[PDB]
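Please read the structure below before turning to the comments.
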Amino acid sequence: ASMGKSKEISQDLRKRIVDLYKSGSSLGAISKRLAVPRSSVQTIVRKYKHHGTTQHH
């Protein structure tokens, strides 16, 4: 498993934020650690929130 693994430096951070967002604290985790989500976190979370609510296939 060498061809994949952590593609994009920020991907691991994105995964950690989204995991916390879906399981518990959504904005508390972002506000405390990241402080300002910006468009970067907001666009990713908007799509993920939809998938977390009801993912359509």
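Quick note: the coordinates plus some simple rules give every number you see, no bench work behind them. Virtual Cβ from ideal backbone geometry, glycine too; neighbours counted across all protein chains shown.
Observations
- With a Cα cut-off of under 19 Å and a minimum spacing of 8 residues unless on different chains, the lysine pairs in the chain number 8.
- Exposure proxy order (Cβ contacts within 10 Å, fewest to most) of 17, 44: 44, 17
- Loop-resident sites, the chain, for trypsin sites (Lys or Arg not before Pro), counting at most 11 other Cβ within 10 Å (DSSP): 5, 7
- Mean ellipticity per residue at 222 nm, deg cm²/dmol - from DSSP H runs of n ≥ 4 across the chain, formula -39500 (n - 2.57): -19500 deg cm²/dmol
- Radius of gyration and Dmax over the Cα atoms of the chain, both given in Å: 12.5, 35
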